[PDB]
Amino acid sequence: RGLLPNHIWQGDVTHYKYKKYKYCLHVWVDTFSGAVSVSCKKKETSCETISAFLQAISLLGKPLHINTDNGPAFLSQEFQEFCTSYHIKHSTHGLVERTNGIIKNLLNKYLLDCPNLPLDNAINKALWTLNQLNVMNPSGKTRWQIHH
């Protein structure tokens, strides 16, 4: 739906069980490039949501428009004030699901390749692998090449 990179992003929190803890993967994806940010958090309150959103922006640039679900972190006064103050349009009207699934498959593969190592490493390598290594179809480009 975005017409160029950083026009319109989609965001949701998805859940990932590892060692009997259910982590909150905060996931943002550009609707034009398919480029992704994901932050592994223990929670999904406004303090973690704003934080993941800043991580995403540091990696992808500032979006003009974000679309989320009606989850309460996204509807909090803290998140609306953030978006208003920094001129980010926020609406609340599949890309994220499909991106979640690709993330989780890479995350699982990296956990098994390196079982000794922390969850954060696997998330990181999943993230960078998807954006920079993965060649997309029909374009022949990576998300990173289309985005930047």
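Note that residue numbering begins at 1 and tracks the sequence as displayed.
Going from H93 to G94, the model skips 4 to 9 deposited residues, which lack coordinates.
Sort the chain's modelled residues by C-alpha temperature factor and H26 lands in the lowest third, per the entry. Per the PDB record, residue ranking by Cα B-factor puts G34 in the middle third of the chain.
Sort the modelled residues of the chain by CA B factor and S46 lands in the middle third. Ranked by Cα temperature factor within the chain, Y86 sits in the lowest third according to the deposited record.
Among the modelled residues of the chain, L60 sits in the middle third by CA temperature factor in this PDB entry.
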